[PDB]
Amino acid sequence: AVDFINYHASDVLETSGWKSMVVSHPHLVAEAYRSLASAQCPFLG
Amino acid sequence: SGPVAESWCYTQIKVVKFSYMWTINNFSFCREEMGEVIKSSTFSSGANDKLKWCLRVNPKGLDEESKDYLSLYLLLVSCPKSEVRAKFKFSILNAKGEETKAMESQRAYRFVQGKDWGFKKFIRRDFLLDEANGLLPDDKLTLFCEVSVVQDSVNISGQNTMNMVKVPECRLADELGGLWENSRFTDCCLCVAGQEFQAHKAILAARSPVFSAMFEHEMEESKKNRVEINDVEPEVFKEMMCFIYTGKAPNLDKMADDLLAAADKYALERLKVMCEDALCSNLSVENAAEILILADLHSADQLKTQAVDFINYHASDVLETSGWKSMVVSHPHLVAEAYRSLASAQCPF
Amino acid sequence: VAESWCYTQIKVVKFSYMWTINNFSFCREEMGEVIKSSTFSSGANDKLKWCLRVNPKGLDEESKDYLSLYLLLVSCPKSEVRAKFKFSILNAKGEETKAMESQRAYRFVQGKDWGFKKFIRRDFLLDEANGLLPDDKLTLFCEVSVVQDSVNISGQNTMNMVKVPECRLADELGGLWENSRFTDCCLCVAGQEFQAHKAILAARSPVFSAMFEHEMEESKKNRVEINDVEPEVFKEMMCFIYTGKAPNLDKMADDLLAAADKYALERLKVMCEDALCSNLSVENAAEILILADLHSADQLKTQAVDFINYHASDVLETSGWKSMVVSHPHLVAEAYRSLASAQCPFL
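Chains as they are written, first to last, in the entry's author numbering: chain B, 321 to 365; chain E, 15 to 363; chain F, 18 to 364.
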């Protein structure tokens with residue numbers, strides 16, 4: 321699910337589920353950020 | 015020798031320089047055959063939007079002469095018709111960002127819309143195809159281009175002189191500092207946590223809107239002499255009120271952490287931006303969380319954006335730092351905003 | 018360096034397949050003119066259809082020698098379809114080589130089937146020493162790589178440090194001079210009753226400090242009186258003190274020099290001198306020299322002396338020089354002394 325939300329990030333952040341997870345579960349957002357950045361990049365700039 | 019001697023003519027040539035890096039993933043994978051074209055998206059200088067350049071490279075260089083050699087061009091997309099001309103250079107980079115191969119045009123070429131001058135017959139393709147060359151990391155060909163449009167045709171009439179009298183500088187900055195150190199018969203008394211400072215009302219009200227709203231509304235009748243500023247340390251209040259008077263803060267980079275809070279508290283926009291400049295230049299991976307928290311709490315914008323960008327680049331090692339864990343437990347929405355910013359940067363995957 | 022990335026990531030669709038014929042060792046019967054395979058797909062909702070038809074027997078003249086492994090398009094709407102495929106074996110026993118490929122590809126259009134017919138000589142494949150018939154079966158492996166080319170990323174790559182708004186001390190003190198906020202004294206000039214501060218005034222102008230710091234605040238600060246300078250020149254002078262700028266200096270150099278000298282503004286005085294220096298005609302040098310001497314200006318007096326020494330050939334004819342000679346003998350004496358030990362001691 322983390323990889324899915326990374327791949328479909330552009331659409332998921334508009335949902336209410338993500339907007340409630342950002343409030344109720346912050347470290348889940350931390351895990352998503354870690355698996356977005358540390359598991360990928362560099363990309364030009 | 016005869017120095018000076020009348021004129022100082024300084025004829026100028028307008029030169030605008032900008033760069034354009036192009037990176038095609040898995041370059042020689044398909045990329046079609048024979049004629050073809052990989053026309054890229056148009057780019058402008060950045061200074062306004064009037065001139066539209068765009069590369070276009072043929073891995074199979076057109077015509078029999080460049081079947082065996084890669085061919086590269088550069089084209090004018092559209093611009094107000096003035097027949098602009100430029101000199102341009104191309105170079106191929108590696109994974110380490112080191113200029114390995116660079117080709118630079120000797121003469122400025124005449125560009126008009128639809129006609130393109132470029133390094134036709136650019137390079138031996140087989141030299142690039144050599145995996146031992148190391149110039150195709152991950153099969154991604156990176157191309158780096160600079161364009162040096164010179165518009166020229168401007169001549170200034172110099173400075174004829176024949177009038178030699180020196181007006182000495184401008185002392186308005188200094189001779190308001192003279193109202194502060196010497197303290198020069200002020201009108202109202204401040205206070206920084208019990209300590210005593212003396213200061214005026216005209217300059218404060220002029221240069222600090224919160225002070226102006228403080229002195230006139232409910233204050234000019236009852237407590238006009240005495241106000242207590244009981245939220246900042248005096249060692250930085252002195253610098254804030256050697257900015258409000260003299261218009262510059264010497265001891266800023268030493269104590270920029272709380273001076274941003276003090277400046278934003280009283281809406282000193284110029285000092286707020288100067289503090290953001292001082293903080294922005296001291297960014298490091300070990301404290302990017304602290305700088306982001308400070309730039310959000312005190313409603314900074316440029317510092318917040320630059321700290322977010324720095325964390326986007328250097329999320330490799332910031333995650334281990336205790337500051338990031340503190341910000342995650344204590345400030346969720348900053349983590350969410352950094353993630354949202356990284357979504358656009360890493361969008362296409 | 019970089020200013021705009023254009024990534025334009027090329028679209029890639031890789032997919033795989035195999036073909037496990039169980040009885041190839043005796044698939045001679047039926048006569049293998051064509052082993053019409055079953056369709057397979059991949060990618061977006063199985064939009065693409067493919068199959069691997071094999072002609073193991075001799076359908077053509079040379080086919081008795083080399084085996085054929087020929088691809089087929091069952092159906093696809095778009096005519097233009099390139100496909101760079103890599104036919105090979107999925108190593109049932111230990112073998113991965115012998116599987117060359119067509120690095121070049123041609124158009125898979127609806128109904129057309131491009132491929133190849135020359136793969137491998139019959140006996141070598143059927144020889145058990147090579148182990149290409151594991152347990153009577155053999156498997157194939159095509160990595161048909163199809164692509165469509167419509168991709169372009171724009172990129173901006175913006176970088177910049179925080180711009181700092183310019184020092185607005187002079188502008189905001191000027192706006193204080195006009196707006197007259199928290200005013201503390203009332204200046205008077207020729208009927209006009211101006212209003213101004215005490216701090217900035219008495220700091221910039223020492224002669225103003227003379228008549229504020231002498232315990233003469235309550236008596237004079239409320240109603241300080243000035244009677245010399247006319248209202249416009251005084252207002253320009255006030256704009257100088259508060260803002261440090263003299264916009265319309267050029268058209269009132271004389272009386273503004275008088276005003277600057279009266280209150281010892283040793284910057285507006287020199288600026289008025291600068292404005293007067295570039296007004297020295299051969300007929301006005303007399304009154305300019307009178308003014309420079311009278312208001313204790315050094316640079317203007319020296320420059321007027323030099324100018325009159327240069328252009329005396331006409332100045333003695335003008336009435337101004339006669340006025341100076343009649344009324345101001347000391348100025349004539351000083352000009353004579355300046356001309357004495359310079360600009361003529363050759364004769």
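Note that the Cβ used here is the ideal one computed from N, Cα and C, for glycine as well.
DSSP puts residue i in a beta bridge; with which residues?
| i | result |
| --- | --- |
| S33/E | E160/E |
| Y123/E | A100/E |
| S105/E | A116/E and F158/E |
| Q26/E | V168/E |
| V71/F | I52/F and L86/F |
| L204/E | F211/E |
| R138/E | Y83/E |
| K66/E | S92/E |
| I243/E | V206/E |
| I217/F | Bridge partners of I217/F: none, in fact. |
| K279/F | Paired residue(s): none; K279/F is not in a bridge. |
| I38/E | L155/E |
| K129/E | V126/E |
| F57/F | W67/F |
Going by the CB atoms, is the gap between residue j and residue i shorter than 9 angstroms?
| i | j | result |
| --- | --- | --- |
| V161/F | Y34/F | yes |
| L69/F | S54/F | yes |
| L86/F | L150/F | no |
| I243/F | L218/F | no |
| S15/E | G172/E | no |
| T25/F | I106/E | no |
| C294/E | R240/E | no |
| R198/E | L282/E | no |
| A116/F | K101/F | no |
| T260/E | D188/E | yes |
| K279/E | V342/E | no |
| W67/F | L90/F | yes |
| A277/E | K286/E | yes |
| residue 366/F | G337/F | Coverage of chain F is limited to positions 18 through 364, which leaves residue 366/F absent and any answer about it impossible. |
Is residue i a contact residue of the ligand GDP, with contact defined as CB to any heavy atom under 8 angstroms?
| i | result |
| --- | --- |
| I106/F | The ligand GDP is not among the ligands present in this structure, which contains no ligands whatsoever. |
If I'm right that residue i touches residue j with Cβ under 8 angstroms, what's the distance once you round it to whole angstroms?
| i | j | result |
| --- | --- | --- |
| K318/F | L333/F | Between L333/F and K318/F the Cβ distance is about 19 angstroms, and since that is not below 8 angstroms, they are no contact. |
| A213/E | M255/E | 6 angstroms |
| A216/F | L193/E | 6 angstroms |
| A275/E | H312/E | 5 angstroms |
| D152/E | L88/E | Not really, about 26 angstroms apart at Cβ, beyond 8 angstroms. |
| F136/F | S119/F | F136/F to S119/F, Cβ: 11 angstroms. No contact. |
| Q360/E | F363/B | 6 angstroms |
| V30/F | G60/F | 5 angstroms |
| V299/E | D271/E | Going by Cβ atoms, the distance from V299/E to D271/E rounds to 18 angstroms, so no, they are not a contact pair. |
| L356/B | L308/E | Going by Cβ atoms, the distance from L356/B to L308/E rounds to 25 angstroms, so no, they are not a contact pair. |
| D82/F | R139/F | 7 angstroms |
| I27/F | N326/E | Contact flag wrong, Cβ pair sits at about 25 angstroms. |
| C23/F | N169/F | 7 angstroms |
| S358/B | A109/E | Incorrect: roughly 19 angstroms between the Cβ atoms, too far for contact. |
Mind the definition here: the stretch 287-294 of chain F touches the stretch 179-192 of chain E only if three or more C-beta pairs lie below 8 angstroms; say whether that holds. yes
If we count Cβ pairs, one from each stretch, closer than 8 angstroms, do we get three or more for the stretch 224-242 of chain F versus the stretch 225-240 of chain E? no
Counting pairs of beta carbons, one from the stretch 344-354 of chain E and one from the stretch 347-355 of chain B, are three or more of them closer than 8 angstroms? yes
Three or more C-beta pairs under 8 angstroms: does that hold for the stretch 123-139 of chain F against the stretch 91-101 of chain F? The stretch 123-139 of chain F vs the stretch 91-101 of chain F: in contact.
contact_flag[the stretch 182-189 of chain E, the stretch 247-257 of chain E] where n(CB pairs < 8 angstroms) is 3 or more: The stretch 182-189 of chain E vs the stretch 247-257 of chain E: no contact.
When you compare the stretch 38-53 of chain F with the stretch 70-78 of chain F, are there three or more beta-carbon pairs, one atom per stretch, that lie closer than 8 angstroms? yes
Pick out the complete beta strand (DSSP E) segments inside the stretch 295-353 of chain E, 3 residues or longer, and give them in chain order. The DSSP assignment places no complete beta strand (DSSP E) segment of no fewer than 3 residues inside the stretch 295-353 of chain E.
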